[PDB]
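Single chain ahead, by itself, as structure tokens, in the form deposited in one PDB entry.
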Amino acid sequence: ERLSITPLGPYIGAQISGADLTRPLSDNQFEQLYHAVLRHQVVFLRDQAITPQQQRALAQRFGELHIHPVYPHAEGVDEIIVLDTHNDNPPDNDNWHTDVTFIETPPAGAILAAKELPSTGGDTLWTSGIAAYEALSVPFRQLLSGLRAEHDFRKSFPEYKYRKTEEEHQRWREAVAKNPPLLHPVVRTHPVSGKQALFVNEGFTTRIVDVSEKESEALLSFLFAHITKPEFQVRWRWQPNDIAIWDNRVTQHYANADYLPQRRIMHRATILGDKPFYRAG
């Protein structure tokens, strides 16, 4: 069966129907779905009442999945993380970020399923690093290509938010010790498509190390604004049993925090990635 794929804009986003994600997909179907994620960077399917087991199986056709000990997981399925936000667990994703870029091999992508939603709010936005790179002037494309930038766990999890108790402070210290800052290319080459994408994000990028500190502040301030250009984005208003699949190698996203005290439950499968690299054009 041919999938129905409707682009949501010229640069990023598509809505897909004609694929039952609870049951196994044919190879032709999955090839279409795969290439649609590659091309449109994030795709959305609706009315997909998927179990954590079916979501794991779907995600595993893209690649192997992250398992966390720190987060709660679905009953009987370790690869599906339960993101259950409310007053006692406020959301922390209302900032432009690429997931876990402070490790050497950030996730290649994710599958996110909406399980329980507030009456309104909680939109999620994606922005295209490819479109943003292509919109830079030639001098800026030549400048940023080949530079390296530092990504640091502590930019999104700063020490001053973990002082409340001595145990909490020490747990933060241990996480920092396990996750020292490291470098990634400022312009990342997609390992399948070969497209060039900006690969800095306000969530974790602290410094472009191949320019001076003041030069870095100027460039990152510009770039963190540049990626907020509406032309580079798609915005999704969730309904229950929506599924979002996105490529974390060449996008950032932002999850609105505008629904507390209401409750919101998402199920996530994180697809493991490889080391980001830059291959000159």
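In this text, rigid core is short for the largest set of C-alphas that superpose within 1.5 Å between two forms. The first residue of the shown sequence is 1; numbering continues from there.
Novice: Across the other PDB entries of this protein that were compared, is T165 absent from at least a third?
Specialist: Missing in at least a third of the others, so yes.
Novice: Of the two stretches 133-141 and 162-170, which shows the higher Cα B-factor on average in the entry?
Specialist: Per the PDB record, 162-170.
Novice: Do the C-alpha atoms of 151-159 or of 81-89 have the higher average B factor in the entry?
Specialist: Taking the mean B-factor of the alpha carbons in each, 81-89 is higher.
Novice: Per the entry, which of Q233, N28, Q252, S221 tops the list for Cα B factor?
Specialist: It is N28.
Novice: For the listed residues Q41, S212, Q54, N256, which one has the largest C-alpha B-factor as given in the deposited model?
Specialist: Spelled out: the listed residue with the top C-alpha B-factor is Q54.
Novice: Please say which third, lowest, middle or highest, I50 falls into when its CA temperature factor is compared across its chain.
Specialist: For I50, whose C-alpha B-factor we compare with every modelled residue in the chain, the answer is the highest third.
Novice: Using only modelled residues of the chain, where does the Cα B factor of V70 rank: lowest third, middle third or highest third?
Specialist: For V70, the deposited C-alpha B-factor lands in the highest third.
Novice: Lowest, middle or highest third: where is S216 by C-alpha B factor in its chain?
Specialist: According to the entry, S216 has a C-alpha B-factor in the chain's lowest third.
Novice: In terms of the chain's CA B-factor thirds, is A19 lowest, middle or highest?
Specialist: As the PDB entry reports it, the C-alpha B-factor of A19 lands in the highest third of its chain.
Novice: Going by the entry, which third of its chain does the Cα temperature factor of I12 land in?
Specialist: It belongs to the lowest third of the chain when residues are ordered by C-alpha B-factor.
Note that the form deposited in another entry isn't included here; everything after this is about it.
Novice: With the two forms aligned on the rigid core, which of the residues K195, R141, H73, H86 moves its CA by 2 Å or more between the shown form and the other one?
Specialist: After core superposition, the single residue displaced by 2 Å or more is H73.
Novice: Is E116 one of the residues whose C-alpha moves 2 Å or more between the shown form and the other one after the core fit?
Specialist: It does not, since the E116 C-alpha is displaced less than 2 Å between the shown form and the other one after the core fit.
Novice: How about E168 - superposed on the rigid core, does its CA move between the shown form and the other one by 2 Å or more?
Specialist: Indeed, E168 is displaced by 2 Å or more.
Novice: Core superposed first: is there a CA shift of 2 Å or greater at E159 between the shown form and the other one?
Specialist: For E159, whose C-alpha is compared between the shown form and the other one after core superposition, the shift is 2 Å or more.
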